[PDB]
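What follows is one structure encoded as structure tokens, with my remarks underneath.
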Number of protein chains: 2
Amino acid sequence: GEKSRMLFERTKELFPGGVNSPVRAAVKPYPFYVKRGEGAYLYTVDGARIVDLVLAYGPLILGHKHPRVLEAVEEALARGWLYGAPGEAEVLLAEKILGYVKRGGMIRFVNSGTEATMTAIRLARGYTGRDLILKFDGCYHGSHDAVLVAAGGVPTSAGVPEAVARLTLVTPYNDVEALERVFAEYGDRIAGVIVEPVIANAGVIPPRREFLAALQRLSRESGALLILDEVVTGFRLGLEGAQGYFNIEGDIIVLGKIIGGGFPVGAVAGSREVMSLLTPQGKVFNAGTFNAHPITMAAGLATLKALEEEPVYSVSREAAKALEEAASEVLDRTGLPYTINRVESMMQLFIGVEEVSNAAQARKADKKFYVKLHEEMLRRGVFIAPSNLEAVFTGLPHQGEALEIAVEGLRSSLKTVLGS
Amino acid sequence: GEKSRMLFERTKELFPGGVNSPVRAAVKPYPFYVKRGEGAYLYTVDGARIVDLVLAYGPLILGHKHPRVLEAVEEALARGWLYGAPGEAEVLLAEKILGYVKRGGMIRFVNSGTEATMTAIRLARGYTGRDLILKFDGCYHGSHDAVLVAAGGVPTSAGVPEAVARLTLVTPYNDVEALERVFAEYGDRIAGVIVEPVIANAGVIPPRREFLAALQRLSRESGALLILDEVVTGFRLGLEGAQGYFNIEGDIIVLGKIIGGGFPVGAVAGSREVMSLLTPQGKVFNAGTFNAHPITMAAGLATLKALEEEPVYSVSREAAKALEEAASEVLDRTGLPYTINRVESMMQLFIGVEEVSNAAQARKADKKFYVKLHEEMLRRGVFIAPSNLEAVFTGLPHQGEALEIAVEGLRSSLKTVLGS
Ligand SMILES: Cc1ncc(COP(=O)(O)O)c(CN)c1O
Ligand SMILES: Cc1ncc(COP(=O)(O)O)c(CN)c1O
């Protein structure tokens with residue numbers, strides 16, 4: 001790992017914490033640098049092939065450099081990559097996305113999930129004329145002030161004015177009693193309730209039907225808009241995302257990751273009535289030099305076509321199931337308390353706890369055990385998130401030999417850590 | 001324009017205002033759709049070649065599909081386009097950028113100018129422990145709450161809480177007296193003063209030396225960080241940007257557009273002391289799935305190399321000068337009040353006013369005349385921003401025949417509008 005070591009030294013003084021995104025710094029023993037990626041694999045700068053169970057944290061459900069997407073991007077590149085004026089790809093991608101998540105509605109393309117949720121929140125506030133936003137402990141919506149808050153709302157980040165943080169309410173995920181209580185107290189001032197249909201940033205945590213039911217009922221009865229943050233679930237839990245998977249409906253649907261095919265993206269979709277408030281039609285401001293970036297649009301379009309024509313969902317589901325069954329077989333024999341949460345192709349293991357239905361329980365999981373597992377798996381050529389609070393993602397290339405390596409790696413790594 | 005007309009009809013119900021960014025909707029008679037771009041030209045979906053004096057509003061100083069950048073991106077695409085782990089290109093681009101704008105400092109790559117200024121503001125607040133941010137009337141820093149404010153600070157966008165807007169102070173650009181007064185009253189609570197060294201979103205407005213002097217003095221004496229928003233000026237006003245061009249120094253330098261070579265990008269650069277507050281090193285949060293996107297990094301790196309090895313600055317400067325001289329020759333003969341502001345390769349014409357040193361004066365310019373000019377120029381195959389408040393940008397391909405067409409087009413269009 002000499003080459004990665006050298007790069008590690010160079011970035012120490014170039015980037016805060018040596019990385020451009022926090023999670024990247026936690027890789028053990030130290031972050032490896034990537035030369036390239038193809039299919040189910042990442043290849044380090046030193047030349048090592050690694051099975052990728054991170055998939056850039058969600059966007060790469062088709063694996064690395066998917067042939068169909070590569071070809072579409074090559075064609076798009078030949079046409080120039082930025083215009084500052086409308087292109088064709090954005091129209092086709094919008095029509096395809098809306099047909100699955102909000103028929104007859106509108107969409108606005110942005111450049112990150114952070115920009116997307118931020119825009120959704122401004123839209124909900126503009127539509128209702130209210131200021132408060134309700135989020136849940138453990139849910140992650142990006143790097144912007146309004147969502148960098150925790151229940152005393154107080155800042156979880158330095159540099160966030162307390163005056164801003166106090167406009168965001170926070171209650172526990174899957175806690176119906178707490179949800180009812182917050183609406184009883186502040187309901188008429190809540191502009192929107194934002195939530196991940198399946199938590200992906202506090203490990204993976206599935207929603208309780210009762211929580212989903214309350215979210216829809218309380219939002220509708222209070223006048224608050226239900227903002228489903230589907231940046232991760234969108235197009236991962238089937239073509240119709242969380243709405244179709246759980247049979248729920250959101251007022252505003254925030255999308256990202258997968259819809260950009262691996263390129264910078266974010267999007268806000270909703271009814272014509274709500275979406276029409278966005279500039280230049282309405283007074284809720286949103287603009288972006290890179291909005292509807294030609295390459296992002298071409299990549300996302302090709303990606304969704306693959307999701308419609310290739311067995312991505314079945315393959316990804318089976319891959320996650322195989323990993324879950326393998327880990328469960330080993331862990332069940334130990335008699336140690338543990339739980340694995342899986343929803344289709346997103347999952348995570350929690351050692352030390354028998355149930356994880358909220359962030360508080362996820363935080364009680366054995367972090368040391370997880371870190372050791374991450375390191376041992378990497379030593380065996382399999383890459384899983386370095387943080388127990390991140391998720392494990394599967395995709396199209398996780399089949400055949402690649403899957404065999406991942407499963408065998410997981411089995412052996414668990415045994416090694418359990419034997420230490 | 002049948003094909004653009006058809007697309008126009010399709011997007012009416014897909015996007016708010018029919019576009020993904022406000023300015024795009026103002027093109028006359030209606031927005032044309034782009035098939036591709038190459039060199040100094042955009043090509044409509046109907047097949048018409050148009051000289052581009054918009055350059056995607058700043059990023060394309062090298063023109064469309066620059067050969068060197070295209071090759072670098074092709075090589076990068078073959079390596080996969082998203083890893084979720086550190087790559088080599090981000091290291092090289094960071095080293096090159098910092099060598100020109102903040103030697104010995106640090107940088108953090110994000111996905112838009114909006115994310116960049118938003119991150120800079122959070123950093124300034126975190127570093128100083130203060131809440132107030134001072135901006136100037138007419139300056140544009142992106143699509144986020146803290147900068148969508150105007151002096152009563154009150155919201156300029158619906159959906160922005162008044163509690164948030166009041167944390168942002170606003171005074172006129174180039175107004176030293178007003179600047180001194182605001183610091184005398186609120187100085188000890190100002191975390192940072194953000195400003196465009198050259199305004200590019202209220203037409204083009206150059207800074208007064210006295211204003212630049214006051215900005216540096218007052219920030220230093222008050223403890224507020226001077227945030228130079230160089231999203232547009234960075235790498236356009238020479239390799240050293242505004243700091244080198246005007247011989248000024250900022251505490252935090254916000255970069256974007258050009259540094260991404262045409263791909264989604266944004267960046268915050270500053271001293272190690274300030275930048276070290278960013279996660280995972282410090283407590284000022286910033287994370288991004290697409291931060292340091294492999295393709296953006298490769299494109300930006302190749303772009304900066306071109307700026308160092310090709311006569312981009314001289315060619316672009318001469319192009320803008322030729323346009324300015326041509327327009328001035330025609331307008332001087334009319335005796336009508338007007339002014340053209342130009343700083344290297346960024347400029348704008350203001351009809352009806354003899355001086356434009358601030359946003360208030362820019363707003364007094366004859367908008368109807370400008371719109372007619374935009375439409376007439378487009379009819380003659382030359383594309384300038386549809387809004388008088390946007391800027392005209394020149395670049396490397398604006399030479400030879402392309403420049404002749406632009407200049408002749410400007411001359412003829414002015415005469416036609418002046419004769420109507
Ligand atoms: C649900 C959710 N929302 C928002 C984001 C942030 O997306 P981005 O990093 O592109 O700003 C993420 C990524 N962790 C996410 O998982
Ligand atoms: C000075 C400045 N700052 C910020 C921005 C916004 O950049 P972006 O559109 O990528 O969010 C712009 C683009 N108009 C700008 O000119």
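Letters go in sequence order (proteins before strands), and every chain restarts at 1.
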In terms of heavy-atom pairs under 4.5 Å, which option from A:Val19, A:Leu132, A:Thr128, A:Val231 contacts chain B the most?
A:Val19

Selection from A:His144, A:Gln281, A:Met106 maximising heavy-atom pairs under 4.5 Å formed with chain B
A:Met106

Would you mind checking which part of B:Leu148 comes under 4.5 Å of any heavy atom in chain A, side chain (CB onward), backbone (N, CA, C, O), both or neither?
side chain

Measure B:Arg108 against the heavy atoms of chain A and call it side chain, backbone, both or neither at under 4.5 Å.
both

Close side-chain approach of B:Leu14 and A:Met275, heavy atoms under 4.5 Å
no

Is there a side-chain contact between A:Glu74 and B:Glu74 (heavy atoms, below 4.5 Å)?
yes

Which bit of B:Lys3 comes within less than 4.5 Å of chain A, counting heavy atoms only: side chain, backbone, both or neither?
neither

A:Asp145 versus B:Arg125: any side-chain heavy-atom pair under 4.5 Å?
yes

Engaged part of B:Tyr33 at the chain A interface, taking heavy atoms whose separation is under 4.5 Å:
both

Output the option from A:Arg272, A:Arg130, A:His64 having the highest count of non-hydrogen pairs under 4.5 Å with chain B.
A:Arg272

Do A:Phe263 and B:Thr296 have side-chain heavy atoms sitting under 4.5 Å apart?
no

Taking side chain as everything from C-beta outward and backbone as N, CA, C, O, which of these in B:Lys12 sits under 4.5 Å from a heavy atom of chain A? Side chain, backbone, both or neither.
backbone

Would you say that A:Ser143 contacts B:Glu115 through its side chain, given a criterion of any heavy-atom pair below 4.5 Å between the two side chains?
no

Region of B:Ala287 that comes under 4.5 Å of a non-hydrogen atom in chain A:
both

Interchain contact, B:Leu278 with chain A, by part (heavy-atom threshold 4.5 Å)
both

Can a donor-acceptor pair be found, under 3.5 Å and without considering hydrogens, that links the side chain of A:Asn291 to the backbone of B:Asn20?
yes

Counting only non-hydrogen atoms closer than 4.5 Å, does B:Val23 touch chain A with its backbone (N, CA, C, O), its side chain (CB onward), both, or neither?
neither

Which one, A:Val91, A:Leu277, A:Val164, leads in non-hydrogen pairs under 4.5 Å with chain B?
A:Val91

Tell me, for B:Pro59 versus chain A, whether the close heavy atoms (under 4.5 Å) come from the side chain, the backbone, both or neither.
side chain

Taking B:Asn286, B:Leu55, B:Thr11, B:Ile295 one by one, which has the highest count of heavy-atom pairs under 4.5 Å against chain A?
B:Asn286

Can you check whether B:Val54 reaches A:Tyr83 side chain to side chain, under 4.5 Å on heavy atoms?
no

Please flag which part of B:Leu77 lies under 4.5 Å from any non-hydrogen atom of chain A: side chain, backbone, both or neither.
both

Please look at B:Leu167 and chain A and tell me whether the side chain, the backbone, both or neither of the residue comes under 4.5 angstrom of a heavy atom of that chain.
side chain

Given a strict heavy-atom distance threshold of 4.5 Å, which part of B:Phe32 is in contact with chain A: side chain, backbone, both, or neither?
both

Measure from the side-chain N and O atoms of B:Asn111 to the backbone N and O of A:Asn111, and report whether any donor-acceptor pair falls under 3.5 Å.
no

Looking only at B:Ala76, B:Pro280, B:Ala292, B:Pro264, most heavy-atom pairs under 4.5 Å shared with chain A are made by B:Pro264

Would you call A:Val160 and B:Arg122 a side-chain contact if the rule is heavy atoms closer than 4.5 Å?
yes

Contact class of B:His66 relative to chain A, heavy atoms under 4.5 angstrom:
backbone

How close do A:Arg24 and B:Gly288 get, counting heavy atoms only, and between which atoms?
NH2-O, 3.0 Å

Are B:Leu92 and A:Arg10 side-chain neighbours, meaning at least one heavy-atom pair lies under 4.5 Å?
yes

Would you name the heavy atoms of A:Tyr57 and B:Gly84 that are closest together and state the gap between them?
CE1-O, 3.6 Å

Does any heavy atom of chain A fall under 4.5 Å from the side chain of B:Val27, the backbone, both, or neither of them?
neither

